[PDB]
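To start, the structure under review is shown below, and the notes come after it.
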Amino acid sequence: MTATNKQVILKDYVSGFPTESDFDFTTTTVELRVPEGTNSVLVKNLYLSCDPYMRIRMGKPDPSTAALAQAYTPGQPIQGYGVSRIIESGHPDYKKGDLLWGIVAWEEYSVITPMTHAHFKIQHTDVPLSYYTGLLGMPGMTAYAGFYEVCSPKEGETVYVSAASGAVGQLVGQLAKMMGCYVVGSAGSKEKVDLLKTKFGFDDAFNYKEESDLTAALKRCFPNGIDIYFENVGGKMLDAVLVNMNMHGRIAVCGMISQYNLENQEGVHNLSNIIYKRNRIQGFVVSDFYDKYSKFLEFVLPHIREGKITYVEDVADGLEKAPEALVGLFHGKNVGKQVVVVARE
Amino acid sequence: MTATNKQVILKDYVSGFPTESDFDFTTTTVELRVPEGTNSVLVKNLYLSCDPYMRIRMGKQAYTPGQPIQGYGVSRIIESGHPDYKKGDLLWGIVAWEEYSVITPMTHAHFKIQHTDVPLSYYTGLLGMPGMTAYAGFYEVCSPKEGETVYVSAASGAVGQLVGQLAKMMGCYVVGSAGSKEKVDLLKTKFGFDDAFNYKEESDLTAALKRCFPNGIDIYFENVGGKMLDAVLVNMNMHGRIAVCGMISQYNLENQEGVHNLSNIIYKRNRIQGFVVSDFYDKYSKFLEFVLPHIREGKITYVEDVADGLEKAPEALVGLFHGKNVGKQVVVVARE
Ligand SMILES: NC(=O)c1ccc[n+]([C@@H]2O[C@H](COP(=O)([O-])OP(=O)(O)OC[C@H]3O[C@@H](n4cnc5c(N)ncnc54)[C@H](OP(=O)(O)O)[C@@H]3O)[C@@H](O)[C@H]2O)c1
Ligand SMILES: NC(=O)c1ccc[n+]([C@@H]2O[C@H](COP(=O)([O-])OP(=O)(O)OC[C@H]3O[C@@H](n4cnc5c(N)ncnc54)[C@H](OP(=O)(O)O)[C@@H]3O)[C@@H](O)[C@H]2O)c1
């Protein structure tokens with residue numbers, strides 16, 4: 001049997017921002033039986049993610065960026081994290097009808113090899129299959145091992161979270177409230193800042209966009225200053241944190257989404273302050289910690305199921321809407337994690 | 001005895017680079033008495049240190065202008081009221097920039113010299129507060145393994161020169177930069193750094209590091225900032241540490257420059273950890289007992305530039321920010 005397999009292709013390399021135009025559409029004919037090779041499986045991608053790593057995987061091969069996760073080949077389908085179901089297998093741990101999450105291409109049917117810190121088993125289908133592109137996935141694992149491991153948190157301390165009503169950020173601020181920390185958020189709209197103050201249980205929050213003096217916002221919110229900072233923004237925002245940070249204060253550099261879309265990268269001036277304040281700027285990728293994903297799930301699935309972690313998503317229908325759904329993420333049109341549903345169950 | 005005390009004042013605060021004309025000489029008369037009050041000693045300042053933190057203290061910590069400049073130095077006790085010191089033994093710590101001073105010892109500001117079988121100007125530098133920076137910042141905050149590669153900026157001087165000696169003792173590959181070909185030559189001649197360049201001869205600073213490191217940079221010891229950190233962040237390796245000691249590029253400025261390449265920290269999984277030496281003084285008696293076997297042996301060396309008297313001590317602190325100092329800028333106030 002042959003399958004009518006629609007795909008989303010990248011045209012060529014990005015300079016600046018993404019547009020629906022830097023992407024294109026094709027169809028192929030992938031047959032519904034076995035792959036022979038290494039330890040190969042043909043899946044059917046049901047859900048897919050729009051994660052921001054994808055910008056500096058959409059750009060021209062720089063040695064800096066190409067030491068994270070490589071570069072997209074022009075005119076071949078966009079790789080990304082997303083939930084998938086086995087049609088036919090050539091692996092032992094995966095049998096016909098099993099589910100996985102991992103790095104699949106933006107196509108309806110993918111021909112992947114499973115390796116251990118890339119593709120992961122779904123043993124738990126007691127809770128949304130969509131969430132393995134988020135909370136029970138890689139955005140949620142960033143937030144576990146990132147906040148607990150490199151922010152090195154200790155109770156009562158004051159946390160700042162930027163890009164806080166979105167997948168990694170909304171989880172950090174919850175995992176922080178669960179230590180009885182003072183968490184303040186920052187997000188782009190009022191819709192976004194209201195969820196921070198209600199649903200996600202942060203103590204205060206602002207809209208950075210509607211804030212003139214970058215620094216003065218963080219001075220009002222934190223009278224006593226900041227101890228932890230979960231960095232999802234950069235530039236203008238890190239300069240604001242370094243005059244507002246307390247002594248032996250830590251910074252976890254998760255991302256820097258303001259920069260990704262720039263060719264001419266913004267200046268961070270106030271780095272002088274980390275001698276004066278004995279501060280720790282620490283960067284990480286999730287991939288280094290995917291060995292403790294067994295140890296993540298054992299914690300989070302007790303806590304979601306009991307009403308201690310909350311999570312919103314931004315679901316769009318089909319591959320057709322997946323250009324649209326990766327573009328306005330860089331402009332912030334997503335309210336929480338941007339999922340794009342290729343097929344449901 | 002009732003001798004005169006020549007002193008170096010600060011007139012008014014500094015806004016840019018320090019000129020010799022923001023400092024002037026005045027004189028008091030000190031009675032070489034069993035002294036003032038609280039847990040006091042009267043001291044004679046033998047040697048003084050021209051340290052680059054002093055520009056931040058010339059800002060609006062902070063110095064009180066019309067009074068002396070405070071800094072580190074080696075001094076002999078003249079008369080005591082502290083239970084530890086007696087007449088004729090040796091202290092290092094925060095003295096004032098005069099001939100004779102009345103400081104009260106606080107244990108981790110001021111420290112007693114026992115080993116006098118070493119050049120004593122070395123206790124302003126190698127065995128002082130630049131030396132404890134180079135032990136603490138390299139062994140703890142740079143977190144080193146063997147074979148791993150170190151870049152040291154302002155390698156010439158004080159901190160930077162013991163860092164690169166302690167790395168090719170661990171078994172690392174060490175590179176350093178300096179601003180003249182006298183200071184670059186010193187790195188291969190005296191201290192035996194694997195490679196070295198002149199950063200002033202590089203228009204091409206990101207390429208300069210690509211050249212010196214085929215392997216990449218695992219460890220940086222940051223003494224400088226700005227453009228040099230922007231260049232080292234391109235050049236880093238995976239799970240690469242940067243130990244932020246100083247920023248002499250920035251101290252000097254009423255501008256204070258921007259570092260554009262901090263996105264590299266997610267990708268190359270970097271630790272930029274800033275420290276203060278004062279926090280590590282509990283580990284001074286462990287440092288002192290490690291390095292003095294090796295200094296005595298001739299294995300750890302040091303280059304100093306010495307200025308003679310309080311006269312040529314503005315000329316010495318001004319000149320530090322340009323880099324007229326070939327190594328550590330010490331001032332001798334008194335000969336033995
Ligand atoms: N370290 C890792 O390995 C790893 C893993 C996953 C994610 N990340 C990183 O962390 C960040 C995002 O978290 P996420 O994946 O959960 O996505 P997300 O937070 O769901 O969505 C991205 C957010 O981007 C914000 N934004 C867009 N342009 C902005 C700008 N110019 N300035 C400030 N904010 C802007 C938007 O907020 P607003 O609407 O609030 O402006 C939007 O909600 C990214 O930088 C990403 O690369 C890193
Ligand atoms: N606990 C701490 O964190 C702590 C403690 C002690 C010292 N420190 C810091 O570390 C530094 C002091 O010792 P050191 O090893 O640097 O040697 P130094 O000999 O005391 O300092 C002078 C050197 O500064 C360099 N320099 C001056 N202006 C510069 C500029 N415009 N751009 C780039 N480089 C410039 C020059 O070298 P070149 O021209 O040869 O490069 C010069 O030889 C200071 O930044 C100081 O504040 C920090």
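Chain labels A, B, ... are given in the sequence in which chains occur in the structure tokens; within each chain residues are numbered consecutively from 1, and ligands are likewise numbered from 1 in the order shown.
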Chain A contacts on chain B, only C-alpha atoms, 8 Å, as JSON, numbers by chain: {"B": [234, 244, 245, 246, 247, 250, 256, 257, 258, 259, 260, 261, 262, 263, 264, 265, 266, 267, 268, 269, 270, 271, 272, 273, 274, 275, 276]}
Selection from above, C-alpha atoms, as a compact mmCIF listing (two decimals), in the first residue's frame, can you write it?
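Final output, out11.txt:
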# COMPACT_ATOMS: atom_id res chain seq x y z
CA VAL B 234 33.57 32.71 19.09
CA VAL B 244 36.08 36.61 35.24
CA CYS B 245 38.77 38.29 37.26
CA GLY B 246 38.78 41.82 35.88
CA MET B 247 37.68 44.07 33.09
CA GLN B 250 36.04 49.15 30.97
CA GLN B 256 31.22 51.01 29.21
CA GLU B 257 31.18 48.69 26.13
CA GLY B 258 28.92 45.97 24.69
CA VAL B 259 29.53 42.27 24.30
CA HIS B 260 27.57 40.99 21.29
CA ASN B 261 28.50 37.28 21.26
CA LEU B 262 26.80 35.93 24.44
CA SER B 263 24.42 33.60 22.38
CA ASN B 264 27.38 31.20 22.15
CA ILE B 265 26.88 30.20 25.82
CA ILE B 266 23.72 27.97 25.04
CA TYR B 267 25.56 26.31 22.07
CA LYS B 268 29.14 25.87 23.47
CA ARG B 269 27.67 25.18 27.08
CA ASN B 270 29.64 27.95 28.87
CA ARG B 271 30.33 28.95 32.46
CA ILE B 272 31.21 32.67 32.84
CA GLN B 273 31.80 32.81 36.65
CA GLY B 274 32.92 36.03 38.25
CA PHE B 275 34.86 35.94 41.51
CA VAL B 276 36.37 38.17 44.26
May I have all residues of region 62-125 of chain A that DSSP, computed from the backbone, assigns to strand (DSSP E), given as a PyMOL selection string? chain A and resi 79-89+99-105+111-112+119-122
DSSP helix (DSSP H, G or I) residues within region 85-192 of chain B, listed as a list in words: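 Residues of region 85-192 of chain B classed as helix (DSSP H, G or I): residues 129, 130, 131, 132, 133, 134, 135, 136, 137, 138, 139, 160, 161, 162, 163, 164, 165, 166, 167, 185, 186, 187, 188 and 189 of chain B.
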Can you tell me which residues sit at most 8 Å away from ligand 1, counting only C-alpha atoms and all ligand atoms, written as a ChimeraX atom specification? /A:50-54,134,138-139,142,146,162-170,186-189,192,207-209,231-234,253-260,283-287,329-338 /B:266
I need the chosen residues saved as a PDB file, in the first residue's frame, with C-alpha atoms.
ATOM      1  CA  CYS A  50       7.432  24.693  16.969  1.00  0.00           C
ATOM      2  CA  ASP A  51      10.335  25.191  19.161  1.00  0.00           C
ATOM      3  CA  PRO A  52      12.705  28.273  18.726  1.00  0.00           C
ATOM      4  CA  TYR A  53      16.100  26.325  18.073  1.00  0.00           C
ATOM      5  CA  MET A  54      14.858  26.039  14.546  1.00  0.00           C
ATOM      6  CA  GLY A 134       6.026  20.198  25.667  1.00  0.00           C
ATOM      7  CA  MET A 138      11.682  18.434  25.725  1.00  0.00           C
ATOM      8  CA  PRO A 139      10.310  21.970  26.813  1.00  0.00           C
ATOM      9  CA  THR A 142      14.570  22.008  30.010  1.00  0.00           C
ATOM     10  CA  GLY A 146      17.835  23.846  34.066  1.00  0.00           C
ATOM     11  CA  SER A 162      11.613  35.863  31.072  1.00  0.00           C
ATOM     12  CA  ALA A 163       9.373  34.445  28.154  1.00  0.00           C
ATOM     13  CA  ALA A 164       7.315  33.163  30.876  1.00  0.00           C
ATOM     14  CA  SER A 165       4.007  32.198  29.078  1.00  0.00           C
ATOM     15  CA  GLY A 166       5.618  29.750  26.995  1.00  0.00           C
ATOM     16  CA  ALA A 167       6.416  26.196  27.522  1.00  0.00           C
ATOM     17  CA  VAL A 168       9.756  26.237  29.389  1.00  0.00           C
ATOM     18  CA  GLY A 169       9.055  29.473  31.286  1.00  0.00           C
ATOM     19  CA  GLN A 170       5.569  28.658  32.689  1.00  0.00           C
ATOM     20  CA  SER A 186       7.600  38.906  31.849  1.00  0.00           C
ATOM     21  CA  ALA A 187       5.551  38.391  28.696  1.00  0.00           C
ATOM     22  CA  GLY A 188       4.337  40.315  25.492  1.00  0.00           C
ATOM     23  CA  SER A 189       0.533  40.860  25.786  1.00  0.00           C
ATOM     24  CA  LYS A 192      -0.273  36.453  28.518  1.00  0.00           C
ATOM     25  CA  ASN A 207       4.680  43.352  30.041  1.00  0.00           C
ATOM     26  CA  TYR A 208       8.197  44.244  28.878  1.00  0.00           C
ATOM     27  CA  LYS A 209       6.797  45.779  25.709  1.00  0.00           C
ATOM     28  CA  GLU A 231      17.132  33.490  30.767  1.00  0.00           C
ATOM     29  CA  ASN A 232      15.025  32.962  27.740  1.00  0.00           C
ATOM     30  CA  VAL A 233      15.459  36.621  26.225  1.00  0.00           C
ATOM     31  CA  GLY A 234      18.965  38.407  26.183  1.00  0.00           C
ATOM     32  CA  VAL A 253      21.031  30.706  29.837  1.00  0.00           C
ATOM     33  CA  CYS A 254      18.439  28.618  28.206  1.00  0.00           C
ATOM     34  CA  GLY A 255      17.907  30.755  25.180  1.00  0.00           C
ATOM     35  CA  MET A 256      18.222  34.221  23.839  1.00  0.00           C
ATOM     36  CA  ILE A 257      15.129  34.641  21.339  1.00  0.00           C
ATOM     37  CA  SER A 258      15.713  38.354  20.704  1.00  0.00           C
ATOM     38  CA  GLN A 259      19.050  37.543  18.978  1.00  0.00           C
ATOM     39  CA  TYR A 260      18.179  34.660  16.697  1.00  0.00           C
ATOM     40  CA  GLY A 283      24.462  27.918  29.588  1.00  0.00           C
ATOM     41  CA  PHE A 284      22.990  24.528  28.783  1.00  0.00           C
ATOM     42  CA  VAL A 285      21.311  22.372  26.134  1.00  0.00           C
ATOM     43  CA  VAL A 286      18.713  19.735  27.274  1.00  0.00           C
ATOM     44  CA  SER A 287      20.519  16.915  25.420  1.00  0.00           C
ATOM     45  CA  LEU A 329       6.638  32.517  17.766  1.00  0.00           C
ATOM     46  CA  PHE A 330       9.408  35.014  16.869  1.00  0.00           C
ATOM     47  CA  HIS A 331       6.703  37.691  17.000  1.00  0.00           C
ATOM     48  CA  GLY A 332       4.947  35.806  19.802  1.00  0.00           C
ATOM     49  CA  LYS A 333       1.538  34.793  18.357  1.00  0.00           C
ATOM     50  CA  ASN A 334       1.590  31.608  20.504  1.00  0.00           C
ATOM     51  CA  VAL A 335      -0.136  31.638  23.959  1.00  0.00           C
ATOM     52  CA  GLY A 336       1.910  28.819  25.639  1.00  0.00           C
ATOM     53  CA  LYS A 337       3.414  25.933  23.534  1.00  0.00           C
ATOM     54  CA  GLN A 338       2.899  25.805  19.902  1.00  0.00           C
TER      55      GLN A 338
ATOM     56  CA  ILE B 266      23.716  27.974  25.044  1.00  0.00           C
TER      57      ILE B 266
END
Collect all residues with atoms no farther than 6 Å from ligand 2, counting only C-alpha atoms and all ligand atoms, and output them as an MDAnalysis selection string. (chainID A and resid 275) or (chainID B and resid 51:53 130 133 154:160 178:179 223:224 245:249 275:277 320:323 325 327:328)
Write a file of the just-selected residues containing N, CA, C and O atoms, as a compact mmCIF listing (two decimals), in the first residue's frame.
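Produced file out.txt, reproduced below:
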# COMPACT_ATOMS: atom_id res chain seq x y z
N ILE A 275 31.65 40.49 38.82
CA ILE A 275 32.85 40.39 39.69
C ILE A 275 32.37 40.86 41.06
O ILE A 275 32.34 40.11 42.03
N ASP B 51 47.77 48.56 41.89
CA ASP B 51 46.70 47.63 41.55
C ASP B 51 45.60 48.29 40.72
O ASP B 51 45.27 49.44 41.04
N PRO B 52 45.00 47.69 39.66
CA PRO B 52 43.98 48.32 38.84
C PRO B 52 42.56 48.44 39.33
O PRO B 52 41.81 49.12 38.64
N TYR B 53 42.18 47.90 40.51
CA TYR B 53 40.89 48.10 41.18
C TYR B 53 40.65 49.54 41.61
O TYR B 53 39.51 49.94 41.88
N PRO B 130 47.44 39.71 44.10
CA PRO B 130 47.55 39.13 42.78
C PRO B 130 47.90 37.69 42.63
O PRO B 130 47.56 37.06 41.64
N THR B 133 44.65 35.56 43.74
CA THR B 133 43.76 35.65 42.57
C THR B 133 44.07 34.63 41.48
O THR B 133 43.17 34.06 40.86
N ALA B 154 46.16 39.84 29.60
CA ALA B 154 47.07 40.62 30.48
C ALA B 154 47.90 39.69 31.38
O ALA B 154 47.81 39.55 32.61
N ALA B 155 48.53 38.88 30.50
CA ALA B 155 49.43 37.76 30.80
C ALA B 155 50.81 38.11 31.34
O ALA B 155 51.48 37.35 32.03
N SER B 156 51.18 39.32 30.95
CA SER B 156 52.36 40.12 31.24
C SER B 156 52.60 40.35 32.73
O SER B 156 53.68 40.08 33.27
N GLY B 157 51.44 40.71 33.30
CA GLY B 157 51.30 41.24 34.63
C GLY B 157 50.61 40.38 35.62
O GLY B 157 49.83 39.49 35.32
N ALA B 158 50.99 40.80 36.83
CA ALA B 158 50.61 40.35 38.17
C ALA B 158 49.87 39.03 38.42
O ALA B 158 50.47 38.04 38.86
N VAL B 159 48.60 38.99 37.96
CA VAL B 159 47.70 37.85 38.09
C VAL B 159 48.07 36.87 36.97
O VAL B 159 48.57 35.78 37.26
N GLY B 160 47.93 37.37 35.73
CA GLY B 160 48.11 36.66 34.48
C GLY B 160 49.33 35.79 34.31
O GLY B 160 49.21 34.78 33.64
N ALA B 178 49.66 40.13 25.46
CA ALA B 178 50.28 41.31 26.02
C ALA B 178 50.38 42.39 24.94
O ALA B 178 50.20 42.06 23.76
N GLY B 179 50.56 43.69 25.28
CA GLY B 179 50.60 44.89 24.40
C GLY B 179 51.91 45.45 23.81
O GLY B 179 51.86 46.55 23.24
N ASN B 223 40.83 38.92 32.34
CA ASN B 223 41.39 40.03 33.08
C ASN B 223 41.04 41.31 32.37
O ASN B 223 41.05 42.35 33.05
N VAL B 224 40.62 41.22 31.08
CA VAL B 224 40.42 42.34 30.15
C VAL B 224 39.02 42.79 29.71
O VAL B 224 38.76 43.96 29.94
N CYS B 245 37.92 37.64 36.27
CA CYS B 245 38.77 38.29 37.26
C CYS B 245 38.65 39.78 37.17
O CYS B 245 38.21 40.35 38.17
N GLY B 246 38.97 40.39 36.03
CA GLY B 246 38.78 41.82 35.88
C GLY B 246 38.28 42.21 34.53
O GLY B 246 38.10 41.36 33.65
N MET B 247 38.09 43.52 34.36
CA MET B 247 37.68 44.07 33.09
C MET B 247 38.43 45.36 32.75
O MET B 247 37.79 46.37 32.49
N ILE B 248 39.82 45.37 32.66
CA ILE B 248 40.62 46.57 32.27
C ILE B 248 40.58 46.65 30.75
O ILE B 248 41.25 45.96 29.98
N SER B 249 39.57 47.45 30.44
CA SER B 249 39.09 47.88 29.14
C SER B 249 37.94 48.82 29.40
O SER B 249 37.64 49.69 28.58
N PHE B 275 34.51 36.10 40.11
CA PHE B 275 34.86 35.94 41.51
C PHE B 275 35.47 37.18 42.14
O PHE B 275 35.91 38.04 41.39
N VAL B 276 35.56 37.21 43.48
CA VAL B 276 36.37 38.17 44.26
C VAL B 276 37.38 37.33 45.11
O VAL B 276 36.95 36.38 45.77
N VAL B 277 38.71 37.65 45.16
CA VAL B 277 39.84 37.02 45.91
C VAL B 277 39.66 36.88 47.44
O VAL B 277 40.08 35.87 48.00
N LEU B 320 49.67 52.19 34.42
CA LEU B 320 49.13 50.85 34.54
C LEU B 320 48.01 50.50 33.58
O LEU B 320 47.82 49.36 33.21
N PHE B 321 47.34 51.57 33.17
CA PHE B 321 46.18 51.56 32.27
C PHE B 321 46.42 51.76 30.79
O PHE B 321 45.52 51.67 29.94
N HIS B 322 47.71 52.02 30.56
CA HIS B 322 48.30 52.13 29.24
C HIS B 322 49.14 50.87 29.10
O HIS B 322 48.93 50.12 28.13
N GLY B 323 49.96 50.59 30.13
CA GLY B 323 50.78 49.39 30.20
C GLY B 323 52.23 49.67 29.94
O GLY B 323 52.83 49.14 28.99
N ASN B 325 54.04 49.28 32.70
CA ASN B 325 54.43 48.24 33.64
C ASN B 325 54.85 46.97 32.90
O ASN B 325 54.08 46.45 32.09
N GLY B 327 55.21 43.82 33.84
CA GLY B 327 54.80 42.94 34.90
C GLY B 327 54.05 43.67 36.00
O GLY B 327 53.16 44.48 35.71
N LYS B 328 54.44 43.35 37.24
CA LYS B 328 53.82 43.92 38.42
C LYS B 328 54.38 45.26 38.86
O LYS B 328 55.53 45.41 39.28
Close residues, region 98-103 of chain A itself excluded, 6 Å, only C-alpha atoms, min 2 positions apart in chain, as a PyMOL selection string: chain A and resi 80-86+95-96+118-122
